[PDB]
Number of protein chains: 2
Amino acid sequence: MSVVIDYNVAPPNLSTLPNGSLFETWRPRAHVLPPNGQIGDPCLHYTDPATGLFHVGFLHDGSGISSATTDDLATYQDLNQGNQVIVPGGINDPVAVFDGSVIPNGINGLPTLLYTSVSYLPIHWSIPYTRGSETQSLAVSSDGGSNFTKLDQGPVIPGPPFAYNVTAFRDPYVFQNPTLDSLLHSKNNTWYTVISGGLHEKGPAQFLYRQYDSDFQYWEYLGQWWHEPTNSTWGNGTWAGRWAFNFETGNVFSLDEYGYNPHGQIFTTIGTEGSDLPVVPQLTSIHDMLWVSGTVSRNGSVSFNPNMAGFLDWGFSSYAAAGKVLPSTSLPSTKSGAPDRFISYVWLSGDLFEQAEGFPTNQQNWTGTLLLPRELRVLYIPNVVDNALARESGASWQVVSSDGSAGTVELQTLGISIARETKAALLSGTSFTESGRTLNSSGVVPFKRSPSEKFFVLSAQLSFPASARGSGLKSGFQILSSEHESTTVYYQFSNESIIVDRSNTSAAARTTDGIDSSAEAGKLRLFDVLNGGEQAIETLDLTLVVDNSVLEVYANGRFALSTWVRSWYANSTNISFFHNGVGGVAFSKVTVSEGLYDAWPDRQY
Amino acid sequence: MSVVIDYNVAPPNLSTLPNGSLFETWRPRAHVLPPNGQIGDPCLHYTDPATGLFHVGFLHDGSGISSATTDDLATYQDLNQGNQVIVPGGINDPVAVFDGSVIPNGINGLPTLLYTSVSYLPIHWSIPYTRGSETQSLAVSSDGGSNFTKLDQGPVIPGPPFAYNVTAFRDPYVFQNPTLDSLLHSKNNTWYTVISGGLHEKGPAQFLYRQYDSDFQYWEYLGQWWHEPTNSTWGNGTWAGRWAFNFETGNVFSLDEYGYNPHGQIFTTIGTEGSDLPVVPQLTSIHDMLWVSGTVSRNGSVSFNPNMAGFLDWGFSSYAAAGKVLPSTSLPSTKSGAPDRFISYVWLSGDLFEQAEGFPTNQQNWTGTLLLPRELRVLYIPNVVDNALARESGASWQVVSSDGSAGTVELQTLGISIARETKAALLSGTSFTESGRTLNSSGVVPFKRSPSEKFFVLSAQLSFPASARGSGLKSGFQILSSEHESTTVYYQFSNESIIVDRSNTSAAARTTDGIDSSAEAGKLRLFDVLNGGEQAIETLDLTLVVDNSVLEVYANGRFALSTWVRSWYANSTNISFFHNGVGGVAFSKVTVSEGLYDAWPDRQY
Ligand SMILES: OC[C@H]1O[C@@](CO)(OC[C@@]2(O)O[C@H](CO)[C@@H](O)[C@@H]2O)[C@@H](O)[C@@H]1O
Ligand SMILES: OC[C@H]1O[C@@](CO)(OC[C@@]2(O)O[C@H](CO)[C@@H](O)[C@@H]2O)[C@@H](O)[C@@H]1O
Ligand SMILES: OC[C@H]1O[C@](O)(CO)[C@@H](O)[C@@H]1O
Ligand SMILES: OC[C@H]1O[C@](O)(CO)[C@@H](O)[C@@H]1O
Ligand SMILES: OC[C@H]1O[C@](O)(CO)[C@@H](O)[C@@H]1O
Ligand SMILES: OC[C@H]1O[C@](O)(CO)[C@@H](O)[C@@H]1O
Ligand code: NA
Ligand code: NA
């Protein structure tokens, strides 16, 4: 007959169930992930100039790269039924295919992938590097992006600069930039490539190259344009993790206030691989997903000089973001009226980067997802009170101007928001509002109405009184609640953090191994702001997207924290206000939009 | 019963015979070749410091490198029963293993092979080069030289210098040299490597490197220390072929008057790949085996500056020589009392570099041989008459001093002779002498006694009168003669050449395809010399070694010409004086030593 899963009945040890039986249990409907199996780093994204279609890529099942297309930046169509567009086992990549990026109009006017071809394993920053384990090779797709055919020749970058003792040398990221062109006297619209890694006994680095010939064959090395001492940190480690022991997945792009701009301010996103001391061999224990703003100067060699940094996503399991310029002329942008954008997809590892021992993987028959596509832009925060909170150095914002008479500053930071078409589609269900209210005493106050399924967007503003500052206040929402389970998301002033408490999230965690229930946290400063003569603590503007087990928490256009919320009971759908009674908090009207949408309309599962 | 070969009966079309049936027909007994099958370039030679044994290597059956040892530099023992000590099919060399050389005391004090690992074919100077087709990789033998184990890592030299459009990039030749050390301020006894090839639209070259680390991992590029314009030539092309379109098998070593000397004069041997115009794609039509003397200077970068050049062997099929320093402390040198030597083995291709269409290869079941080991040294020619013959520039000798009163000069050139232990062993048979005589009229004059087998050394001096100069004289010997066959070897003044006429050598060439009968030739100048007051044309001092089908012609300690003489009839063993009647010629007593010896005493075949 069939395998019988009834989510009103208590879970077994989930490891005892048949393979595939929990395929739908925690599976999102509005996120990019393959038809089944494991997803790794995103990469390979490009806009096809001939069609305007946006292609997304990701590592799949540890055997190369799979891909999908989108004509709206909301929904996707698989290429090759989800099967890889390039796989290991060639002359240059006999052991593995790691991340690569695409020159959309490359050799013969075709999408041209420059990627890390792997010949020797293991590879880790903590151990000696095997010579030639990572090279960079070319492949070209002449069939619309379903198959990237390896050029029948050796790698175009056959290793690091002479005698460099690299920790890593991978994830080539191709990009154009007119500011670099002027500084370096490059031909206009030269392609640059950064390769990510570092050097033993020195620290993490991005290795910079430029196209030497129009055939993409030779790549002139321009030095370690950005490097940091081993396990150093931006500021004192508060706002942007650590530079740690190795850089991965370096992206480079340039922004203004609306989106992507070639002449704009220059940013990079990187993963950093961290560790406690002493180092455990071959173990990266901390996977930080950072963004960094910087100025670019030259003294013989070009240099990127960070002036602020933060997290692109604060989630423990968030890492390895890959993004791409998406021009206004693309199919999605033409329909939505968007200007040029930089769209970034963060990876949410499904199994704690392969440390989640005993998770029911064969039952689920999939592992991991990408997060919602995110638009990156320069965000300005006006009318901020010029005080110590605003003026802190080594943080994730900087003062760009002053008004002495008003007593204020204008702050600059990285804007992070859900890509506009995806956001509209997430909100396309049916909506209802809960009335605003002030809470002063301790407890959870049920919503009058809660969603009946685990697929929703909750939006709300939280306004705090002056005395909340430095207090023991905790305020937010309890979600996915029933008598058996609950998840609490709250702001906490004591350490200026958004917290996701997962201690009670999953009844399955009580009966099964490998179901992480540890707290998640990200730093967020609410500044003192001036609005029509009166000073107040900045409003907390919250968006929670729950897509079955995938939780993404956005705040104030500049913050994201994402995690797994693997609730079991069909019942666990209630929402409540939460406040710990330390001070007062005023909640606006809360909007709940239920159902999301189907990001994979041509799949049945 | 058996396949019936009777060498008194006329040959069939040899291609019709059973496989292996002609295994012994033309097979040498005193030369280095594998137990069966094809031999290519020699390479890999080294003296094992722990044992004093000299190892020889050669490409075998187009699938890697085979090896043998010798404790006397006369006889050899196979390693692995003739099976390869290293074969293609690894990560770095999936398609082929080309030449390599050995640092005898390398990694872990073991013989360390640096060799060309091949990943893409075809490779030829005349066509576009496939990127990464040739890299240089390391292997180490920990079992006495029977197996060279590939290091489990990528190549240590993963391609040519940045953006160089090489014609070829192979045959790494490791060597030490104190003169380079001083010029470059290298650590004492630094290992150098030259790699051979050239650049498209520029010409042939040797790429020079030095050891950067004691682990042999990194090789610092020191430039094209020697290069020549495409298809240029030493002098006007008379004495040293052409530099042609590509250099192969570059060896570098240093000599004095006795043998090898680290502080001596610097020499290189190279193969050059030539062609008529227009170029036929993928065809090298001329394979020149050159030696070159040069001085080494520095102006920022080091440079080798040729001051004379010639052929190491004039044979059309002679090519690809590999040689090695053999110290006085070796097993062979200890027994013979030799000083440090440089021993070179020339390749004699068996099939015109794979152009010999229809040769009975499967019948023979072997292809090619190495030539006799040769000692190289600086040779001086005293008491030469200071005239235009001696003073010619762009030749294979140079004046090193003058005696104005005597009217003479002392010349310098490369000495080429059979290695001393091999020579003694070749002469170990039974000897007889033919009386000297003067010949004035035309014809062939039979020896009173000729050898009864096709295994002998014939030595003789030919003295010419003053009028021979510029005349139509031809004088020498007819060998391997009967009513059906003959081979004539003679000196000819009209173009100062030794000629081997093979028009009548092989009755099998009349019934079978692919049995070359074209003439062979090498230039040799006999100078005017002064000996006790009287001026005479220099004596022609000739040594002919016939080892079944392998003919090597030596003259005057400075000349060698080698070829195939594939006579059929058992009868074809007679020797005669030869003279064409143009002038007079005085032959000394001719010594004939018959039988040679068995260079492979632990083989039965
Ligand atoms: O899967 C390869 C791909 O992932 C990244 C970032 O997640 O590398 C991570 C990692 O696990 O790869 C090796 C394992 O061999 C190890 O050093 C790292 O910790 C990215 O850089 C790669 O392209
Ligand atoms: O067999 C490889 C070995 O031989 C040499 C010299 O004889 O190369 C000769 C040659 O035939 O190799 C390639 C064929 O792929 C072609 O370009 C040459 O003409 C030597 O350099 C190699 O190590
Ligand atoms: O830069 C990171 C590297 O630095 C070290 O301290 C020394 O190599 C290692 O722990 C690590 O591999
Ligand atoms: O925190 C930024 C978030 O704020 C919103 O604009 C709220 O409507 C969302 O679209 C965005 O993701
Ligand atoms: O240097 C040799 C090379 O030079 C050329 O003329 C141009 O590349 C070719 O015939 C040959 O490949
Ligand atoms: O041409 C040089 C030859 O001359 C000899 O010394 C003659 O006895 C040989 O040993 C040598 O090969
Ligand atoms: Na993370
Ligand atoms: Na030749």
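Residues numbered from 1 in each chain as written, not as in the entry; some residues may be left out. Chains lettered and ligands numbered in written order. Heavy atoms only, no water.

Structure determination for this PDB entry is given in the record as X-ray crystallography, at a resolution of 2.10 Å.

**A closer look at the pattern of salt bridges**
Residues and elements named next belong to chain A. Applicable threshold: Here, a salt bridge means any side-chain nitrogen of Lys or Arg that lies within 4 Å of a carboxyl oxygen of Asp or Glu. Numbered from the N terminus, helices here are DSSP runs of H or I no shorter than four residues, and strands are runs of E no shorter than two. Exposure categories follow from relative accessible area, calculated using a 1.4 Å probe and restricted to protein chains: below 20% of the type maximum is buried, above 50% is exposed, and the middle band is partly exposed.
Tallied over the entire structure, the rule returns 40 salt bridges over all chains. For the salt bridge of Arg 341 with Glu 375, the shortest nitrogen-to-oxygen distance reads 2.9 Å. Taken together, the positions of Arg 341 in strand β18 (residues 341-348) and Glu 375 in strand β21 (residues 374-385) put the pair 34 residues apart, joining distant regions of the chain. Look at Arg 341 and you get buried, because its relative accessible area is 1%. Judged by relative accessible area, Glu 375 falls into the buried class, the value being 8%.

**What to know about the site of ligand 1**
All names here are of chain A. Applicable threshold: Consider each residue's heavy atoms; a residue with any of them within 4 Å of a molecule or strand counts as near. In protein, a polar contact means a hydrogen-donor-capable atom and an acceptor-capable atom, both N or O and within 3.5 Å, with residues adjacent in sequence counting only if both atoms are side-chain atoms; elsewhere, any N or O pair within 3.5 Å suffices. Accessible surface is estimated by sampling points in the Shrake-Rupley manner with a 1.4 Å probe; for residues, cover comes only from the protein chains shown. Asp, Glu, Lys and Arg are counted as charged, while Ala, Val, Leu, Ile, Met, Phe, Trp, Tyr, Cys and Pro are counted as nonpolar; the rest, among them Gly, fall into the polar class.
Close to ligand 1 lie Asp 41, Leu 59, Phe 98, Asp 99, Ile 123, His 124, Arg 170, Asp 171, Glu 248, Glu 273, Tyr 319 and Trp 347. Backbone polar atom of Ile 123 to an oxygen atom of ligand 1: 2.6 Å apart, as the coordinates give it. Against a free-state accessible area of 500 Å², the protein chains account for coverage of 78% of ligand 1. Among the secondary structure elements, those contributing two or more residues to the shell around ligand 1 are β5 (96-103) and β9 (166-176). When grouped by side-chain class, the residues that make up the shell around ligand 1 number five nonpolar, one polar and six charged.

**Concerning the coordination of the sodium ion (ligand 8)**
All names here are of chain B. Filter applied, for reference: In this description, a donor is an N, O or S atom within 2.8 Å of the metal centre, a cutoff extended to 3.2 Å for sodium, potassium and calcium. Water is not part of the atom list, which can make sites seem incomplete.
Within the protein, the atoms that donate to the sodium ion (ligand 8) are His 287 (O), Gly 315 (O), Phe 316 (O) and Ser 318 (O), at distances of 2.3 to 2.8 Å. Spacing between the donor residues of the sodium ion (ligand 8) along the chain follows H-x27-G-F-x1-S. Separated by 29 residues along the polypeptide, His 287 in strand β15 (residues 286-299) and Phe 316 in the loop between β16 (301-313) and β17 (318-326) bring together distant segments of the chain. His 287 sits in the buried class, given a relative accessible area of 11%.

**Let's talk about the relation of the copies chain B and chain A**
As a reminder, the rule being used: Note that copies are overlaid through least squares, fitting their C-alpha atoms.
The two copies are related by a screw operation: chain B maps onto chain A through 180° of rotation and 0.0 Å of translation along the axis, at an RMSD of 0.0 Å. Overall, the copies show the geometry of a two-fold rotation axis. Using C-alpha coordinates, one finds that chain B approaches the rotation axis most closely at B:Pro158, a distance of 3.1 Å.

**So, the packing of aromatic side chains**
All names here are of chain A. What counts is decided by this rule: For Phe, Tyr and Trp, rings pair up if their centres lie within 6.5 Å, where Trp contributes its six-membered ring, and each pair is then called stacked (planes under 30 degrees apart), edge-to-face (over 60) or tilted (otherwise). Throughout this description, the term charge over a ring refers to an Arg CZ or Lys NZ atom that lies within 6 Å of the ring centre and within 35 degrees of the ring normal.
Scanning the model with the defined rule gives 76 aromatic pairs over all chains in all. Relative to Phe 559, the ring of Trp 314 has its centre 6.5 Å away and its plane inclined at 25°; by these criteria the two rings are stacked. Note that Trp 314 is positioned in the loop between β16 (301-313) and β17 (318-326) and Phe 559 in strand β36 (residues 559-564), a separation of 245 residues in sequence. The exposure classification of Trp 314 matches that of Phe 559, with both residues buried. By the ring-pair criterion, three or more aromatic residues cluster together here, those being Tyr 164, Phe 169, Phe 207, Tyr 209 and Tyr 221. Sitting over the face of the ring of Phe 432, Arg 449 holds its NZ or CZ atom 4.1 Å from the ring centroid. The cationic tip of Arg 603 hangs over the ring face of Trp 600; the distance from NZ or CZ to the ring centre is 3.5 Å.

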